[PDB]
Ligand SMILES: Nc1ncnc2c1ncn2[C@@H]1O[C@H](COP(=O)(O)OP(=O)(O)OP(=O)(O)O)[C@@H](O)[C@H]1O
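Only one chain is shown below, in structure tokens, and it's the form deposited without this ligand.
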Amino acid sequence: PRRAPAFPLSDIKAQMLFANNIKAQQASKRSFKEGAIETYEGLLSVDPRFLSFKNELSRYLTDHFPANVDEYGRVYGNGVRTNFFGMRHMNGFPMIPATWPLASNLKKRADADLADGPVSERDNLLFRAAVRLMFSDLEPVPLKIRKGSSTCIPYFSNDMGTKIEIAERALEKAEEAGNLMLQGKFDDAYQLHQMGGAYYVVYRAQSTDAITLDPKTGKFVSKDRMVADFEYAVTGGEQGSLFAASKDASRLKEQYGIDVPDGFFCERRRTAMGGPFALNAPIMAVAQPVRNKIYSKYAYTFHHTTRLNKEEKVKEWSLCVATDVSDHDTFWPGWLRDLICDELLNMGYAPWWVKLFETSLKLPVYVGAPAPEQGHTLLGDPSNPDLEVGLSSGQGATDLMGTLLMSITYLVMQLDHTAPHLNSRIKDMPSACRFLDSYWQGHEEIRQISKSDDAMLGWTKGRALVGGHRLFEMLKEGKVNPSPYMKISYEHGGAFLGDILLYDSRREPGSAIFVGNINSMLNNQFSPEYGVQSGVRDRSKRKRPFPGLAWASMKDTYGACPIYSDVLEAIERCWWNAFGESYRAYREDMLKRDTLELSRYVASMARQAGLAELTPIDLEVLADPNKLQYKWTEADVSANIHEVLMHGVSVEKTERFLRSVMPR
């Protein structure tokens, strides 16, 4: 196919993406930046003591607590699934270069042998039924906005007052914008209502990534992460190249004079996309009600809170298969965007709104700075959005899009390889809807719990069970992809939304339990993805508002991990060796300070009443709001806490907008 058109920042098509204000102009030109993060107040991620501590702790834990994962990927025993070398990165210094995002993934899907559409009429009915059950009996709620998040293109505002106006104006003009777009007038819709333009592409750190220690050599080896250069991204991989980014941290020595201990590497960087907020608002105003619906009526499959919440569902199963999807977002199929839109139109959704939604999934991307001297290039033409990047992370319903794709993909897997007898129940729209409605409520012999690309597939006793074992066996074999839609395999060390499924000697769901992933405690405490941003006065606007609070929820979140005690002690000990102080005491102080600071933000918080009213979820979220993105939902957090992090647009304004969008 066509190479995607590309425009340098100086071109008028890219200039038009940035308003005439300093923030926007700076965001367009920002060059590649790196530097140690402030892991905790006053402590840099590359401080020699800190790196010395990480070297001792990581070797020690790996030594004493080797992974306990069987050949079917189930974890048992110490609850450890891999070594602990993941903490060995110079946080804040990225691998170079980061990837150019692929402008079209059609070829990437075809070459991996994935389908370019529903392969059978049955699958077509199931994807559409997913749309009818998800988008149908919605209740308006206010549109909530994350504090301090940017409106990206074209204003790049972080001001709540300005964001609320942008959103309200957007709900008011979405209809006119959509209609413009239905007429092919995208430049007009963008110019008049800022609905269009591009996603603003930033690079985020995945702070821990695999590292192994080669026994032969005595040297550590970091996992290679492949990246696409510009030619490759704009040609969907037909030209250019895909190569291993460089994680070597040696350079930090001559560049910054930072001492780099042996076996420490640069961080894996991932692309992140900020959507043009005027376009996302009208999408988010539908998305939230959709979530409220599936997390209530289809709570069994989609609403996951605690380890025990998950556990209750899974222990009733006779077989539990922990799947893995490779690179979900970039393999996500545009044909599903078109199928969902087509079905929304059949259900009676406003065409103008469907068009806004369709366009949000075909938008050009403005690439910032993947490496020193590269970037500042707009991929795709905003005048006629036609990219196929897969799923953009900043689209307003990204989680729902991944969840609809995968939930149906895993059901198909179960039907295809284990439950042929259920096919006669899926004959037309009504029966598809009935069957999927029952399956999602956990009422069938095949079940699943999922969220985007994480899931656990279940079989109760019955006809499908024997097929379930053959599927599992097929996955263990790993030679044949069990799905025509995405690359599915089994998770090496089964886990679900952060909890590892700990199996005893019987290796059966009924006697298994969900424990916290101890390695994640270590990633969160010693390799955060951001520094403490102590320069940002308003903590509610920071990426890590109250880091100290996580100490208070630690026992609750990881206390069930078998080596919990051991890990806390190895930490205390290495921290002693490295810093001459008690880590525990260090965290109790951090805990007290943040606990006090938090009352400055909580109205109902007696200007010093404890943390008495806060749940463990509340605490993890206050220390790391990102978990509200990949793990929990607004509804899982105390309302007074929710207000610290979010602000809403009037219920009356969203209600009126939603009435003009929905069928009935």
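Residue numbers here begin at 1 and follow the sequence given.
When 134-142 is weighed against 378-386, 134-142 comes out higher, by mean CA B-factor as recorded in the entry. Remark: stretch with higher mean C-alpha B factor among 426-434 and 331-339 is 426-434. Out of 116, 399, 373, 123, the entry records its largest CA B-factor for 373. Per the PDB record, 316 has a higher Cα B-factor than any other of 416, 316, 187, 229.
When the modelled residues of the chain are ordered by their C-alpha B factor, residue 306 lands in the highest third.
When the modelled residues of the chain are ordered by C-alpha B-factor, residue 52 sits in the middle third. Sort the chain's modelled residues by C-alpha temperature factor and residue 35 lands in the lowest third, per the entry. Sort the chain's modelled residues by C-alpha temperature factor and residue 84 lands in the middle third, per the entry. Ranked within its chain, residue 27 lands in the lowest third, by CA B factor from the PDB record.
Heads up, the form solved in complex with this ligand isn't pictured, but that's what we're talking about next.
No atom of this ligand lies within 2.4 Å of a backbone or C-beta atom here once its pose in the deposited complex is superimposed on the site C-alphas of this chain, so the site counts as open.
Note on the interface: of 70-78, 436-444, 318-326, 125-133, the segment with non-hydrogen atoms within 4.5 angstroms of this ligand in the deposited complex is 318-326. This chain is displayed alone, yet in the deposited complex one of 268, 355, 109, 587 has a heavy atom within 4.5 Å of this ligand; that residue is 268. Checking 542, 313, 225, 163 against this ligand in the deposited complex, a heavy atom within 4.5 Å turns up for just one residue: 225. With a 4.5 Å cutoff on heavy atoms, residue 206 counts as touching this ligand in the deposited complex. When this ligand is considered in the deposited complex, residue 453 lines it closely, a heavy atom lying within 4.5 Å.
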